[PDB]
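K.L.:
first portion of the complex, with coordinates as positioned in the assembly:
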Amino acid sequence: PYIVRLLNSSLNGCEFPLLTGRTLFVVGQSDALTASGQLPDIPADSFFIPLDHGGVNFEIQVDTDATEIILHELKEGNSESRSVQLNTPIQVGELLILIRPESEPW
Amino acid sequence: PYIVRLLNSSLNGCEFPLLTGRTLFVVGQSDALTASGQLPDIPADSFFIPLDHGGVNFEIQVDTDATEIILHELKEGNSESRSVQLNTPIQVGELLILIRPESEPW
Amino acid sequence: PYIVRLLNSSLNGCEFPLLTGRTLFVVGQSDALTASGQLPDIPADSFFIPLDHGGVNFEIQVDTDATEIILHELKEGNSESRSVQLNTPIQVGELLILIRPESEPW
């Protein structure tokens, strides 16, 4: 299984497990934060990351084979996708994240 | 495992264990101090160091192999990295620190 | 292990054990005295010495090999170091101290 580690922001060092399938990361201010509590905490498929500006919401898709990891950067009325690699800084908006195997600490 | 020892500041002689991965050191005044209590004390990945001026926040990254230690000096909108050596004074801003093996007292 | 003995001041004859590593001596008036109580009394790495004038803060560094003893005299924005010898008067500011082995009374 894979883990998203924040490399910057006020939550630098936070690590969020990923579930097979798609996981949403809402990145922004308190308006999004307080509005994100409307969905249950069942096997988390979404997370909120505070970021004072330049935040961009994104989704990380992990296939059932776990041989490819796609990151969907969400934009107005659309999304853009890219393939990402493990153990390397990934910049989404002003947020810097790293996706690692659970067994390979960063 | 490695330990950060402060060589100056009002906490001179304080020693902070490092965990595999990244550890944040917030260095500054009371605004940062009282605002740093918003995150839990779970296996500490962050520390606050008081310093009346010239403080610079930084991160110490310890690889899982423990064969290289990187120090990321945080700057506005960016960070600068450098490799550091054990048992030698390291200057970050006006702060002077030393990174040592747990078994090698300074 | 080594012991610092004061040879002058109002605490003349006081003896302070040294721990492997660095020990801070704050030397000055009551402003420093009452402000020095903000850190815990865990294995003391700091001490306060009253001195009506000419006091200078310093650190005594004892290596893990105990084959060299360095005294860091603290100055504004910097420190100066010197190697010191056992069983001899050492002048730091107006303070006169002596560093002796625990087994060799002065």
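P.N.:
Now that the structure is in, tell me what you want to look at. Numbers count the residues shown, from 1 in each chain, chains lettered A, B, ... in the order given.
K.L.:
what bridges to the residue most central in space within chain A?
P.N.:
In chain A, the C-alpha nearest the mean C-alpha coordinate belongs to residue A:25, at 4.4 Å (C-alpha atoms, centre = their mean). Applying DSSP bridges to residue A:25 gives these bridge partners: residue A:47, residue A:58.
K.L.:
one more: residue A:70?
P.N.:
Here residue A:70 sits in beta bridges with residue A:61, residue A:83, going by DSSP bridges.
K.L.:
what about it, neighbour count?
P.N.:
Counted with other C-beta atoms under 10 Å in any protein chain shown, the neighbours of residue A:70 add up to 14. No exception for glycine: its C-beta is placed from N, CA and C like everyone else's.
K.L.:
quick one: it from residue A:1, how far?
P.N.:
Computed with C-beta to C-beta, to the nearest Å, the distance linking residue A:70 and residue A:1 is 16 Å.
K.L.:
next one: residue A:100
P.N.:
Taking C-beta to C-beta, one finds residue A:100 at 10 Å from residue A:1.
K.L.:
so these two - more neighbours on which side?
P.N.:
residue A:100 (17 against 11).
K.L.:
report the beta-bridge partners for the more buried one.
P.N.:
Here residue A:100 sits in beta bridges with residue A:3, going by DSSP bridges.
K.L.:
show the contacting residues for it.
P.N.:
By C-beta atoms under 8 Å, 6 or more residues apart in numbering or on different chains, the contact set of residue A:100 is A:2-3, A:5, A:86-87, A:106.
K.L.:
the residue in chain A that chain C sits nearest to: how many residues sit nearby?
P.N.:
Chain C sits closest to residue A:13 of chain A, with a gap of 26.6 Å, by C-beta to the nearest C-beta. Neighbourhood size, residue A:13 [other C-beta under 10 Å]: 21.
K.L.:
go ahead and place chain D:
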Amino acid sequence: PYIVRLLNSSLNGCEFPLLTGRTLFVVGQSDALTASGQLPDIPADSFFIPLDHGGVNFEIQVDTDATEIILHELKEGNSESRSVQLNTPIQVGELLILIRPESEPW
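P.N.:
The block that follows adds chain D to the chains above:
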């Protein structure tokens, strides 16, 4: 072990044991007397001797070998030392003292 015996003053005949190392004798008026009670009575390394004028503070240093006895006469910003002999009147300021072995009464 050695003993200091006062040969004059209002405490004439008082005998004060000496400990290996340095012992302080504060000699003066009531200002010094009432200010001398700020240190604990642990293995005494200091004593107060009343003397209406000409009092001079001094220290008696007894080496661990007990083969030499040094008397440090304290002066402003400095001290002067001299070697003293057992069983003979020693004048410090207007105070007259005698240092004797514990087994040799005066």
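K.L.:
wait, does stretch A:48-55 contact chain B?
P.N.:
No. Residues of stretch A:48-55 are not located near chain B by C-beta under 8 Å from any C-beta of the partner chain, the shortest gap being 9.2 Å.
K.L.:
before we move on, what about stretch A:27-45?
P.N.:
No. Against chain B, stretch A:27-45 shows no contacts by C-beta under 8 Å from any C-beta, the least distance being 12.8 Å.
K.L.:
got the contact list for that stretch?
P.N.:
Residues from elsewhere that reach stretch A:27-45 (C-beta under 8 Å, 6+ apart): A:16-17, A:19, A:21-24, A:26, A:46, A:48-52, A:55-58, A:92-93, A:95.
K.L.:
which residues are in contact with residue A:23?
P.N.:
A:4, A:16, A:44-47, A:59-62.
K.L.:
okay, the angle between the helix or strand harbouring it and strand A:58-62?
P.N.:
Element membership of residue A:23, judged by DSSP states H and E, is strand A:21-28. Relative orientation of strand A:21-28 and strand A:58-62, computed by axes from the mean of the first three to the mean of the last three C-alpha atoms, to 10 degrees: 160 degrees.
K.L.:
in chain A, what residue is nearest chain B?
P.N.:
Closest point on chain A to chain B, by C-beta to the nearest C-beta, is residue A:13, at 4.2 Å.
K.L.:
neighbours of residue A:6, just the number please.
P.N.:
Neighbours of residue A:6 (other C-beta under 10 Å): 21.
K.L.:
now do the phi/psi pair for residue A:38.
P.N.:
Main-chain torsions, residue A:38, degrees, to the nearest 10: phi -90, psi -10.
K.L.:
for chain D, see how far away residue A:72 is.
P.N.:
72 Å (C-beta to the nearest C-beta, to the nearest Å).
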